[PDB]
Undergrad: 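Please find one structure pasted underneath; my questions will follow.
Worth knowing before you read on, the calculation uses all heavy atoms, side chains too, and leaves out hydrogens, waters and symmetry mates. Chain letters run A, B, ... following the sequence lines, proteins first, then strands; residues in each count from 1.
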Amino acid sequence: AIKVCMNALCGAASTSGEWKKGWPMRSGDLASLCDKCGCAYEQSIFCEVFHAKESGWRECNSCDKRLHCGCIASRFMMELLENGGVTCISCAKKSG
Amino acid sequence: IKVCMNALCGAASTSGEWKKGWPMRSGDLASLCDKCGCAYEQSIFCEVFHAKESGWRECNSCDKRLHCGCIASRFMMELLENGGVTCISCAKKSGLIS
Ligand SMILES: [Zn+2]
Ligand SMILES: [Zn+2]
Ligand SMILES: [Zn+2]
Ligand SMILES: [Zn+2]
Ligand SMILES: [Zn+2]
Ligand SMILES: [Zn+2]
């Protein structure tokens with residue numbers, strides 16, 4: 001396959017250094033991210049930097065953290081609550 | 001006491017049938033009264049009960065609205081590799097049914 005940045009709103013076909021590790025894709029393999037997108041992802045702010053204008057934002061039920069929902073990039077950064085809404089992964093570790 | 005598992009309903013009775021709802025965190029299907037369950041079966045549960053919540057998006061290839069970050073709508077869509085979501089019809093048409 002052609003290797004390209006898996007941020008679909010970037011799609012860069014080249015990068016500085018090696019490709020960076022991204023989020024798990026549906027197949028389980030890790031996404032390839034360019035130097036920019038991968039840098040945001042490493043700092044845990046990919047969606048805040050690159051999905052700021054997309055729909056689907058909610059907030060964590062236990063803290064102020066905004067969470068981009070319906071998004072593969074943030075998919076394992078939150079938990080779906082039985083009574084509605086989401087909590088981020090830190091608060092989820094704190095609540096069992 | 002058996003109660004409708006839509007927290008904004010909680011009716012203690014039902015007409016005809018308790019209907020099967022969304023898969024809960026444990027994997028079991030929720031028990032819904034006939035109202036809420038009919039809304040669920042027609043894929044409009046979140047449109048009826050969650051219209052004012054955050055988390056709403058649009059299907060990647062059609063106009064269907066999809067309530068994301070919501071356990072009730074979680075088997076009503078598929079997450080795409082491009083960061084968006086697709087409804088179940090578009091998913092069946094694209095080969096993405098998991
Ligand atoms: Zn990129
Ligand atoms: Zn995102
Ligand atoms: Zn939180
Ligand atoms: Zn009900
Ligand atoms: Zn909903
Ligand atoms: Zn669709």
Undergrad: Can you tell me how far SG of B:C68 sits from CZ of A:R75, rounded to the nearest 0.5 angstrom?
TA: 13.5 Å
Undergrad: Quick check on the hydrophobic clustering: are B:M76 and B:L79 connected, directly or via other members, by side-chain heavy-atom contacts under 4.5 Å?
TA: no
Undergrad: Of the listed residues (B:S73, B:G55, B:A72), which shares the most heavy-atom pairs with chain A below a 4.5 Å separation?
TA: B:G55
Undergrad: Does any heavy atom of chain A fall under 4.5 Å from the side chain of B:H50, the backbone, both, or neither of them?
TA: neither
Undergrad: Please name the pair of heavy atoms, one in A:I72 and one in B:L80, separated by the smallest distance, quoted to 0.1 Å.
TA: CG2-O, 3.4 Å
Undergrad: Can you name the nearest heavy-atom pair linking A:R26 to B:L96, along with the distance?
TA: NH2-O, 2.7 Å
Undergrad: Kindly work out whether a path of hydrophobic side-chain contacts (I/L/V/M/F/W/Y, heavy atoms less than 4.5 Å apart) joins B:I44 to B:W22.
TA: yes
Undergrad: At what distance, to the nearest 0.5 angstrom, does CE of B:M24 lie from CG of A:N83?
TA: 8.0 Å
Undergrad: Got more than 12 heavy atoms from elsewhere within 6.0 Å of NZ, B:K2?
TA: yes
Undergrad: Would one find more than 12 heavy atoms of other residues, nucleotides or ligands at under 6.0 Å from atom NZ of A:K65?
TA: yes
Undergrad: If you compare all heavy atoms of A:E82 against all heavy atoms of B:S26, which two are closest, and at what distance to 0.1 Å?
TA: OE2-N, 4.2 Å
Undergrad: For the hydrophobic clusters of this structure (ILVMFWY residues joined by side-chain heavy atoms under 4.5 Å, transitively), does one cluster hold both B:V48 and B:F45?
TA: yes
Undergrad: Distance from B:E58 atom CD to A:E54 atom CD, nearest 0.5 Å?
TA: 11.5 Å
